[PDB]
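Peer 1: Sharing entry.csv, CSV, C-alpha atoms:
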```
chain,number,residue,atom,x,y,z
A,1,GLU,CA,22.0,3.8,-17.8
A,2,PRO,CA,23.2,1.4,-15.2
A,3,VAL,CA,22.8,0.9,-11.4
A,4,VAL,CA,26.0,2.1,-9.8
A,5,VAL,CA,27.1,0.6,-6.5
A,6,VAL,CA,29.3,2.7,-4.3
A,7,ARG,CA,30.7,1.2,-1.1
A,8,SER,CA,32.1,3.3,1.8
A,9,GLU,CA,33.4,2.5,5.3
A,10,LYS,CA,30.1,3.1,7.1
A,11,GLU,CA,27.6,2.1,4.4
A,12,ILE,CA,26.7,0.6,1.0
A,13,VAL,CA,25.1,3.0,-1.4
A,14,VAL,CA,23.0,2.1,-4.4
A,15,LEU,CA,22.5,4.8,-7.0
A,16,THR,CA,20.1,4.9,-10.0
A,17,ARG,CA,19.2,8.0,-12.0
A,18,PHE,CA,16.3,9.2,-9.8
A,19,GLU,CA,16.8,7.1,-6.6
A,20,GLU,CA,19.7,7.2,-4.1
A,21,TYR,CA,19.7,4.5,-1.3
A,22,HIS,CA,22.0,4.2,1.6
A,23,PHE,CA,22.1,0.9,3.4
A,24,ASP,CA,24.0,0.1,6.6
A,25,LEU,CA,26.5,-2.7,7.2
A,26,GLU,CA,25.2,-3.9,10.6
A,27,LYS,CA,21.4,-4.0,11.1
A,28,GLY,CA,20.5,-4.2,7.4
A,29,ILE,CA,18.7,-0.9,7.6
A,30,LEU,CA,18.1,1.7,5.0
A,31,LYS,CA,20.0,4.7,6.5
A,32,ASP,CA,19.0,7.5,4.2
A,33,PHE,CA,17.1,8.0,1.0
A,34,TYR,CA,17.5,10.8,-1.5
A,35,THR,CA,15.5,11.4,-4.7
A,36,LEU,CA,17.8,12.9,-7.3
A,37,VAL,CA,15.1,13.9,-9.8
A,38,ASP,CA,15.3,17.6,-9.2
A,39,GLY,CA,18.5,18.1,-7.3
A,40,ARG,CA,19.6,15.9,-4.5
A,41,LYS,CA,16.7,15.9,-2.1
A,42,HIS,CA,16.9,14.2,1.3
A,43,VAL,CA,13.5,12.7,1.8
A,44,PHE,CA,14.3,10.0,4.4
A,45,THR,CA,16.5,9.4,7.4
A,46,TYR,CA,16.4,6.5,9.9
A,47,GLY,CA,14.6,7.0,13.2
A,48,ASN,CA,14.3,3.4,13.7
A,49,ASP,CA,12.7,3.0,10.3
A,50,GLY,CA,15.0,0.8,8.4
A,51,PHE,CA,13.5,-2.7,8.3
A,52,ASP,CA,15.3,-3.7,11.5
A,53,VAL,CA,14.7,-7.4,12.0
A,54,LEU,CA,13.5,-7.6,15.6
A,55,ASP,CA,13.0,-10.7,17.8
A,56,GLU,CA,10.4,-8.6,19.7
A,57,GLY,CA,12.4,-5.8,21.4
A,58,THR,CA,15.7,-7.4,20.3
A,59,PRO,CA,17.3,-6.1,17.1
A,60,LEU,CA,19.6,-8.5,15.2
A,61,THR,CA,23.1,-8.0,13.8
A,62,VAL,CA,24.3,-9.8,10.7
A,63,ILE,CA,26.6,-12.7,11.2
A,64,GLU,CA,28.6,-12.1,7.9
A,65,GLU,CA,29.3,-9.3,5.5
A,66,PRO,CA,26.3,-8.5,3.2
A,67,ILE,CA,26.5,-10.1,-0.3
A,68,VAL,CA,25.9,-8.1,-3.4
A,69,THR,CA,24.4,-9.9,-6.5
A,70,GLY,CA,22.3,-8.7,-9.4
A,71,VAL,CA,21.6,-8.8,-13.1
A,72,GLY,CA,24.5,-8.1,-15.4
A,73,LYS,CA,28.1,-7.7,-14.1
A,74,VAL,CA,29.3,-4.3,-15.3
A,75,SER,CA,32.5,-3.5,-13.4
A,76,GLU,CA,30.7,-0.4,-12.3
A,77,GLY,CA,27.5,-1.7,-10.7
A,78,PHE,CA,24.7,-3.6,-12.3
A,79,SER,CA,22.4,-3.4,-15.3
A,80,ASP,CA,18.8,-4.5,-14.5
A,81,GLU,CA,18.4,-5.3,-10.8
A,82,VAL,CA,20.6,-5.2,-7.7
A,83,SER,CA,20.3,-7.4,-4.6
A,84,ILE,CA,21.9,-6.7,-1.2
A,85,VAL,CA,21.5,-9.9,0.9
A,86,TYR,CA,21.8,-9.6,4.7
A,87,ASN,CA,22.1,-12.7,6.8
A,88,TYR,CA,21.1,-12.6,10.5
A,89,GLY,CA,21.3,-16.4,10.7
A,90,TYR,CA,17.8,-17.3,11.4
A,91,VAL,CA,16.4,-14.4,9.3
A,92,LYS,CA,17.6,-13.6,5.8
A,93,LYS,CA,16.6,-10.2,4.3
A,94,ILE,CA,17.1,-9.4,0.6
A,95,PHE,CA,16.7,-5.9,-0.8
A,96,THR,CA,16.1,-6.0,-4.6
A,97,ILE,CA,16.1,-2.8,-6.6
A,98,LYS,CA,15.1,-3.1,-10.2
A,99,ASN,CA,15.9,-0.3,-12.7
A,100,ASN,CA,12.4,0.7,-13.7
A,101,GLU,CA,12.8,4.4,-12.6
A,102,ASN,CA,9.6,3.7,-10.5
A,103,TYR,CA,11.2,4.6,-7.1
A,104,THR,CA,10.2,1.0,-6.2
A,105,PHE,CA,12.1,-1.7,-4.4
A,106,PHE,CA,11.6,-5.1,-2.8
A,107,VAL,CA,12.5,-6.3,0.6
A,108,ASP,CA,12.6,-10.1,0.5
A,109,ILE,CA,12.6,-11.7,4.0
A,110,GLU,CA,12.9,-15.2,5.2
A,111,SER,CA,12.7,-16.3,8.9
A,112,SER,CA,12.4,-19.5,10.8
A,113,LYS,CA,10.7,-17.8,13.8
A,114,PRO,CA,8.2,-14.9,13.9
A,115,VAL,CA,10.2,-11.6,14.0
A,116,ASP,CA,9.3,-8.0,13.7
A,117,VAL,CA,10.5,-5.8,10.9
A,118,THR,CA,10.3,-2.0,11.4
A,119,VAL,CA,8.7,0.1,8.7
A,120,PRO,CA,10.0,3.4,7.2
A,121,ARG,CA,8.0,6.5,8.0
A,122,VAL,CA,8.8,9.6,6.1
A,123,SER,CA,6.0,11.6,7.8
A,124,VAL,CA,6.2,14.1,10.7
A,125,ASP,CA,3.0,13.2,12.6
A,126,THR,CA,0.7,10.2,12.3
A,127,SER,CA,-2.0,12.4,10.7
A,128,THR,CA,-0.3,11.8,7.4
A,129,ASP,CA,0.1,8.1,8.2
A,130,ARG,CA,-2.5,5.5,7.2
A,131,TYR,CA,-2.8,1.8,8.0
A,132,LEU,CA,-5.2,1.1,5.1
A,133,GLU,CA,-6.5,-2.2,3.9
A,134,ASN,CA,-3.4,-4.3,2.9
A,135,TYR,CA,-1.1,-1.4,2.8
A,136,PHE,CA,0.8,0.9,5.1
A,137,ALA,CA,1.0,4.5,3.8
A,138,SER,CA,3.2,7.3,5.1
A,139,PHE,CA,3.3,10.7,3.4
A,140,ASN,CA,5.4,13.8,4.0
A,141,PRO,CA,3.7,17.0,2.5
A,142,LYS,CA,7.0,18.9,2.8
A,143,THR,CA,9.0,16.5,0.6
A,144,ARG,CA,6.0,15.0,-1.1
A,145,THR,CA,7.3,11.6,-0.4
A,146,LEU,CA,5.0,8.6,-0.3
A,147,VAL,CA,5.8,5.3,1.4
A,148,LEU,CA,3.5,2.5,0.3
A,149,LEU,CA,4.4,-0.9,1.8
A,150,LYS,CA,2.2,-3.8,0.7
A,151,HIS,CA,2.1,-5.9,3.9
A,152,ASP,CA,-0.9,-8.2,2.9
A,153,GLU,CA,-1.9,-8.3,6.5
A,154,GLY,CA,-4.8,-6.0,5.8
A,155,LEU,CA,-6.9,-4.5,8.6
A,156,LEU,CA,-4.7,-6.7,10.9
A,157,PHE,CA,-1.6,-4.6,10.4
A,158,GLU,CA,-0.2,-3.7,13.8
A,159,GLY,CA,2.5,-1.1,12.9
A,160,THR,CA,5.4,-3.6,12.3
A,161,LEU,CA,5.7,-6.4,9.8
A,162,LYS,CA,5.3,-9.8,11.4
A,163,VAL,CA,7.5,-12.3,9.4
A,164,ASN,CA,7.2,-16.0,9.8
A,165,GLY,CA,8.4,-18.2,6.9
A,166,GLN,CA,9.0,-16.4,3.6
A,167,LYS,CA,7.5,-13.1,2.8
A,168,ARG,CA,8.0,-10.5,0.0
A,169,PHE,CA,7.1,-6.9,0.5
A,170,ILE,CA,6.8,-4.3,-2.3
A,171,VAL,CA,7.7,-0.8,-1.1
A,172,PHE,CA,7.0,2.3,-3.1
A,173,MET,CA,9.3,5.0,-1.7
A,174,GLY,CA,9.7,8.2,-3.6
A,175,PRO,CA,7.5,11.1,-4.6
A,176,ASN,CA,3.8,10.9,-4.7
A,177,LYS,CA,3.0,10.5,-8.3
A,178,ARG,CA,-0.2,8.8,-9.5
A,179,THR,CA,1.3,7.6,-12.8
A,180,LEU,CA,3.9,5.6,-10.8
A,181,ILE,CA,1.4,4.3,-8.2
A,182,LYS,CA,-0.5,2.5,-11.0
A,183,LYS,CA,2.5,0.6,-12.3
A,184,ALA,CA,3.5,-0.3,-8.7
A,185,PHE,CA,0.1,-1.6,-7.7
A,186,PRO,CA,-2.0,-2.1,-10.8
A,187,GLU,CA,-4.7,-4.3,-9.2
A,188,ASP,CA,-5.2,-2.2,-6.0
A,189,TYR,CA,-4.5,1.3,-7.4
A,190,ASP,CA,-8.2,2.3,-7.4
A,191,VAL,CA,-9.0,1.3,-3.8
A,192,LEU,CA,-5.6,2.8,-2.7
A,193,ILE,CA,-6.1,6.3,-4.2
A,194,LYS,CA,-9.5,6.9,-2.6
A,195,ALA,CA,-7.8,6.4,0.8
A,196,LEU,CA,-4.6,8.3,0.0
A,197,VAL,CA,-6.4,11.3,-1.5
A,198,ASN,CA,-7.8,11.9,2.0
A,199,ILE,CA,-4.3,12.5,3.4
A,200,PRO,CA,-3.5,16.2,4.1
A,201,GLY,CA,-1.5,17.7,1.3
A,202,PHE,CA,-1.8,14.9,-1.2
A,203,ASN,CA,-3.8,16.9,-3.8
A,204,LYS,CA,-4.0,20.7,-3.6
A,205,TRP,CA,-5.9,22.2,-6.6
A,206,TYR,CA,-4.9,19.0,-8.4
A,207,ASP,CA,-8.0,16.8,-8.9
A,208,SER,CA,-10.2,17.0,-12.0
A,209,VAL,CA,-7.9,19.8,-13.4
A,210,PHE,CA,-4.3,18.6,-13.5
A,211,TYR,CA,-4.9,14.9,-13.9
A,212,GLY,CA,-7.4,16.1,-16.5
A,213,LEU,CA,-4.2,17.5,-18.2
A,214,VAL,CA,-2.4,14.1,-17.7
A,215,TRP,CA,-5.8,12.6,-18.6
A,216,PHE,CA,-5.6,14.1,-22.0
A,217,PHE,CA,-1.9,13.3,-22.1
A,218,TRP,CA,-1.9,9.8,-20.7
A,219,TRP,CA,-4.9,8.7,-22.7
A,220,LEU,CA,-3.2,10.1,-25.8
A,221,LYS,CA,0.2,8.8,-24.8
A,222,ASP,CA,-0.8,5.2,-25.4
A,223,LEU,CA,-0.5,4.4,-27.9
A,224,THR,CA,-0.8,7.3,-30.2
A,225,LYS,CA,2.8,7.1,-31.4
A,226,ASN,CA,5.9,7.4,-29.2
A,227,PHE,CA,6.4,10.3,-26.7
A,228,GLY,CA,7.2,13.0,-29.2
A,229,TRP,CA,4.6,12.4,-32.0
A,230,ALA,CA,1.9,12.5,-29.3
A,231,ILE,CA,2.9,16.0,-28.1
A,232,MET,CA,1.9,17.5,-31.5
A,233,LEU,CA,-1.6,15.9,-31.2
A,234,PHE,CA,-2.1,18.0,-28.0
A,235,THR,CA,-1.1,21.0,-30.1
A,236,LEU,CA,-3.8,20.0,-32.6
A,237,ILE,CA,-6.6,19.9,-30.0
A,238,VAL,CA,-5.4,23.3,-28.8
A,239,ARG,CA,-5.6,24.3,-32.5
A,240,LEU,CA,-9.2,22.9,-33.0
A,241,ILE,CA,-10.3,24.5,-29.7
A,242,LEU,CA,-8.6,27.9,-30.2
A,243,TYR,CA,-8.5,28.3,-34.0
A,244,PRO,CA,-12.0,29.9,-33.8
A,245,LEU,CA,-10.3,32.6,-31.8
A,246,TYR,CA,-7.4,32.9,-34.2
A,247,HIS,CA,-9.4,32.6,-37.5
A,248,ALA,CA,-11.7,35.5,-36.5
A,249,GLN,CA,-8.9,37.5,-34.8
A,250,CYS,CA,-3.5,41.2,-28.7
A,251,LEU,CA,-5.0,38.2,-26.9
A,252,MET,CA,-3.1,36.1,-29.5
A,253,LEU,CA,0.0,36.1,-27.4
A,254,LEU,CA,-1.5,36.2,-23.9
A,255,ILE,CA,-3.7,33.1,-23.8
A,256,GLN,CA,-0.9,30.9,-25.2
A,257,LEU,CA,1.1,31.6,-22.0
A,258,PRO,CA,-1.3,29.6,-19.8
A,259,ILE,CA,-0.8,26.6,-22.0
A,260,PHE,CA,2.9,27.2,-22.3
A,261,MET,CA,3.2,27.5,-18.6
A,262,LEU,CA,1.0,24.4,-18.3
A,263,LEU,CA,2.5,22.0,-20.9
A,264,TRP,CA,6.0,22.9,-19.7
A,265,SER,CA,5.3,22.0,-16.1
A,266,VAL,CA,3.4,18.9,-17.3
A,267,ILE,CA,6.2,17.3,-19.4
A,268,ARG,CA,7.9,16.3,-16.1
A,269,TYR,CA,6.2,17.1,-13.9
A,270,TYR,CA,4.8,13.7,-13.1
A,271,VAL,CA,6.6,12.3,-16.2
A,272,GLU,CA,10.3,11.5,-15.4
A,273,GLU,CA,10.0,8.3,-17.4
A,274,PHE,CA,9.5,10.6,-20.4
A,275,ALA,CA,13.3,10.5,-20.6
A,276,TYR,CA,14.4,7.3,-18.9
A,277,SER,CA,12.9,3.8,-19.5
A,278,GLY,CA,10.9,5.8,-22.0
A,279,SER,CA,12.1,6.3,-25.6
A,280,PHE,CA,14.1,8.3,-28.1
A,281,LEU,CA,11.8,10.0,-30.5
A,282,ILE,CA,13.5,11.2,-33.7
A,283,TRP,CA,16.9,12.6,-32.7
A,284,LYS,CA,16.1,13.6,-29.1
A,285,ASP,CA,15.8,12.6,-25.4
A,286,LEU,CA,12.7,14.8,-25.3
A,287,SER,CA,13.4,16.5,-21.9
A,288,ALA,CA,16.0,19.1,-23.0
A,289,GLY,CA,18.3,21.1,-23.2
A,290,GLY,CA,17.4,22.7,-26.6
A,291,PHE,CA,18.9,21.6,-29.9
A,292,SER,CA,18.7,22.1,-33.6
A,293,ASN,CA,15.1,21.2,-33.1
A,294,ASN,CA,14.5,24.6,-31.7
A,295,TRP,CA,17.3,26.1,-34.0
A,296,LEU,CA,15.6,24.7,-37.1
A,297,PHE,CA,12.5,26.2,-35.2
A,298,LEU,CA,14.6,29.4,-35.3
A,299,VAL,CA,14.7,29.0,-39.0
A,300,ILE,CA,11.0,27.9,-38.7
A,301,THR,CA,10.2,31.2,-37.1
A,302,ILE,CA,12.1,32.8,-40.0
A,303,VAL,CA,10.1,30.7,-42.5
A,304,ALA,CA,6.8,31.8,-40.9
A,305,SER,CA,7.8,35.4,-41.8
A,306,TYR,CA,8.9,34.2,-45.2
A,307,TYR,CA,5.7,32.2,-45.5
A,308,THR,CA,2.2,33.7,-46.0
A,309,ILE,CA,13.7,37.2,-38.2
A,310,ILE,CA,13.6,39.3,-35.1
A,311,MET,CA,11.4,36.7,-33.3
A,312,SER,CA,13.9,34.0,-34.3
A,313,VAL,CA,16.4,35.8,-32.0
A,314,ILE,CA,13.9,35.8,-29.0
A,315,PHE,CA,13.4,32.0,-29.6
A,316,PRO,CA,16.9,30.5,-28.9
A,317,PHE,CA,17.5,31.9,-25.4
A,318,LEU,CA,14.2,30.6,-24.2
A,319,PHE,CA,14.0,27.3,-26.1
A,320,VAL,CA,17.6,26.3,-25.8
A,321,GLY,CA,17.2,26.9,-22.1
A,322,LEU,CA,13.9,24.9,-22.1
A,323,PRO,CA,13.0,21.3,-22.8
A,324,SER,CA,12.5,19.9,-26.3
A,325,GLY,CA,8.9,19.6,-25.3
A,326,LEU,CA,8.6,23.3,-25.7
A,327,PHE,CA,10.8,23.4,-28.7
A,328,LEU,CA,8.5,20.8,-30.3
A,329,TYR,CA,5.5,22.7,-29.1
A,330,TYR,CA,6.7,26.0,-30.6
A,331,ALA,CA,7.8,24.4,-33.8
A,332,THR,CA,4.4,22.7,-34.2
A,333,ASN,CA,2.6,26.0,-33.6
A,334,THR,CA,4.0,27.8,-36.6
A,335,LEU,CA,3.9,24.6,-38.8
A,336,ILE,CA,0.1,24.5,-38.4
A,337,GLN,CA,0.0,28.2,-39.3
A,338,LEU,CA,1.8,27.8,-42.7
A,339,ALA,CA,-0.5,24.8,-43.4
A,340,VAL,CA,-3.5,27.0,-42.7
A,341,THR,CA,-2.7,29.9,-45.1
A,342,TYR,CA,-1.0,28.0,-47.9
```
Written as structure tokens, that's how I'd like the structure from this file.

Peer 2:
Amino acid sequence: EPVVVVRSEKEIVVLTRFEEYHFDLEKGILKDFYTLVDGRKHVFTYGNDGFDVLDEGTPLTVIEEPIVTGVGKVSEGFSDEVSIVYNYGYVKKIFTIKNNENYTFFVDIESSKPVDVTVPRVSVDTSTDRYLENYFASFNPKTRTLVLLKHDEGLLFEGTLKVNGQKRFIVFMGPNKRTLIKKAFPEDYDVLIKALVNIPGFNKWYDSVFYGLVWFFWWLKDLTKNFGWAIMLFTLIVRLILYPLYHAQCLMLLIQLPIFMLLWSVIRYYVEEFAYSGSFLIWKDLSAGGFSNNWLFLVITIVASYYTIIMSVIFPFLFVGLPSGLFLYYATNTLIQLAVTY
């Protein structure tokens, strides 16, 4: 739970849990970007994308070694934010990366003369690029990476950032996740989404169906309890809706697999702050890695037989290999069964 700074001979690397940034030593460019959320995924490489500071066809080299500063001084990287300051001598550029697990960083730029700053494109063609009102969007369907750069030039944006005086730019660079876009741009989220939804491959059978699932979950996640105690309430609306099937009850096992397959891929899924910057609930992290939650749920499957043994062997292999979300789902299933008959 710190931002680790690794420095090599060709580059400076800033590593957070889900974000991996490589910055150069010469032009002040982001060389490469990897999202580490599921595996190490290479979602960006420099074409000339890297926030080069241009005096109009003329790239600039720094006049001194970059300075690293930040919040907290752990002798292994920082604690809250990290700043890599680059000095080109009439242009100063500062990259600030705060540990929000939002995939979001800040390029703070100060110039005495109008200069051009190149902008990162993750896309393949310009069909997945947009120059929307007060934002530049670039999306790669393959890696599902969204670049949102708030340039505040809106409708006048020419393809490179013009910088005269001081300017701050907020760059969302990471996966395309609607939960994260709102924290990044709360004020403009609504007008942004209408324009981004139109980009080829931004949705795909995920409109009023899946964010209807994270509709139920995000509307109930705040501020019904913490993250764990609000998983059980979803199990209760599945119980209210499906108990008329199970009170008048074969299908018992089948139709639960849709919701098991769906709540499992929903936990995270667009919910990676469900385990970082989020919270402990009871004894867990919540995105497991099973535990005595699902082992006392082993005994809980034994106590459903004992209530009003073999199935408790089938449980561990699945639920110690699966997140606590599913161990808490399964546990809560049988505990509203014993409360039904006794």

Peer 1: Kindly give the distance, in Å, that separates atom CA of residue 162 of chain A and atom CA of residue 46 of chain A, rounded to a single decimal.

Peer 2: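 Computing the Euclidean distance for atom CA of residue 162 of chain A and atom CA of residue 46 of chain A yields 19.8 Å.
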
Peer 1: Between A:273, A:285, A:64, A:129, which residue has the minimum interatomic distance to residue 323 of chain A, considering all atoms listed in the file?

Peer 2: A:285

Peer 1: Separation of atom CA of residue 89 of chain A and atom CA of residue 107 of chain A, in Å?

Peer 2: 16.8 Å

Peer 1: So which residues touch residue 79 of chain A within 9 Å, counting only C-alpha atoms, skipping near sequence neighbours fewer than 5 positions away, as a list in words?

Peer 2: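 Contacts, in chain order: residues 1, 2, 3, 4, 70, 71, 72, 73, 74, 98 and 99 of chain A.
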
Peer 1: One decimal, Å: what's the distance from atom CA of residue 21 of chain A over to atom CA of residue 83 of chain A, could you say?

Peer 2: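 Atom CA of residue 83 of chain A lies 12.4 Å from atom CA of residue 21 of chain A.
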
Peer 1: Compile a residue-level contact table for segment 240-286 of chain A against segment 166-177 of chain A at a cut-off of 12 Å, reporting for every qualifying residue the shortest atom pair and its distance in Å to one decimal, with all atoms listed in the file counted, rows ordered by chain and ascending number, as CSV.

Peer 2:
```
residue,atom,partner,partner_atom,distance
A:268,CA,A:177,CA,10.9
A:269,CA,A:177,CA,9.2
A:270,CA,A:177,CA,6.0
A:271,CA,A:177,CA,8.9
A:272,CA,A:177,CA,10.2
A:273,CA,A:177,CA,11.7
```

Peer 1: Of the residues A:65, A:28, A:53, A:121, which is the one nearest to residue 95 of chain A, using all atoms listed in the file?

Peer 2: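 Going through A:65, A:28, A:53, A:121 one by one, the smallest distance to residue 95 of chain A is for A:28.
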
Peer 1: Could you check which residues have any atom within 9 Å of (-2.6, 7.4, -5.1), counting all atoms listed in the file with coordinates taken straight from the file, and then list them as a list in words?

Peer 2: residues 176, 177, 178, 179, 180, 181, 182, 189, 190, 191, 192, 193, 194, 195, 196, 197 and 202 of chain A
